[PDB]
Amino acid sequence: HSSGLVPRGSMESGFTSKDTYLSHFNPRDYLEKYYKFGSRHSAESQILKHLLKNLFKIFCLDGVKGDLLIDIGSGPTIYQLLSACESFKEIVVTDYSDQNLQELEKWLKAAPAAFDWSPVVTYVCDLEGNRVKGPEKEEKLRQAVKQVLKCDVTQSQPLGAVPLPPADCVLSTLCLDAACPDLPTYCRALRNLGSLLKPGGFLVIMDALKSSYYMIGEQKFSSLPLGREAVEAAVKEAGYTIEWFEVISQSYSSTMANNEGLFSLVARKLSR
């Protein structure tokens, strides 16, 4: 009840509480704000294209492939899985928010009222060489998504008591910044995701740099404002070896975030 002075759910602890993600996170509004293919060459649209070109390169051009991929903190989105369904036989989607899981389930069932991913899907098809059209690509993704589960990156068992085989890849886009109030929790969340991975499994992360908040309309949500060095240090202390790390300077529209670019990394679960 602070009226934009401070992010929603943070007056007491300094960071957006996770119950705020069950009450004030609107899936439909988050999708309209950031994913109606951003907008007409907007900062959001350029960022989405850059995210899509990196996932295509990681999954289709590089050696990131296997049986199971677990997407962590998927929200109501599926763009991050379009290229991945080409390298992984099965995908599991997860989020802390029940309204985000409902939105994902609406898309899985191709409910007419669901969000339209068509332009994003066609862009991914174009990147992959136009071997299939959008509608064929979406059905391949829908059949590959085997489970839609509740997730909490802060718990030692992120997926609760749900048994899954060790994953070949753990993917997490624009989630860890929103979920982790500090670097010790951020480091611990990367250790928690490690328990879902086979020894030597891939960890794929894409998030924002130096961002202390992000907006969903006039609703402000916290983000951990960490830099490249702090990201690399936390990924290494969580028990991972970084294969590649990229940083772009492109930031979100001034009215939606205060970030200083984005990062992408592909890491591998260490020996121990």
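The first residue of the sequence shown is number 1, and the count goes up from there.
Among other deposited entries of this protein with both flanking residues present, none omit coordinates for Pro225; it is modelled throughout, well short of a third. Modelled in this chain, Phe37 is nonetheless unresolved in at least one third of the other entries of the protein that span it on both sides. If you average the C-alpha B-factors over 31 to 39 and over 66 to 74, the higher value belongs to 31 to 39.
When the mean C-alpha temperature factors of 108 to 116 and 163 to 171 are read from the deposited coordinates, 108 to 116 comes out higher. In this entry, the residue among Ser23, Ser251, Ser264, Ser10 with the greatest C-alpha B factor is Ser23.
For the set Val124, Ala178, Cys187, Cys151, the PDB entry assigns the largest Cα B-factor to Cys187.
In this PDB entry, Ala233 carries a Cα temperature factor that places it within the highest third of its chain's modelled residues. Per the deposited record, the Cα B-factor of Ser45 falls in the highest third when ranked against the other modelled residues of its chain. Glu128 sits in the highest third of its chain by CA B factor, as recorded in the PDB entry. Per the deposited record, the Cα B-factor of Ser195 falls in the middle third when ranked against the other modelled residues of its chain. For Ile242, the recorded CA B-factor ranks within the middle third of the chain. Only modelled residues enter the ranking.
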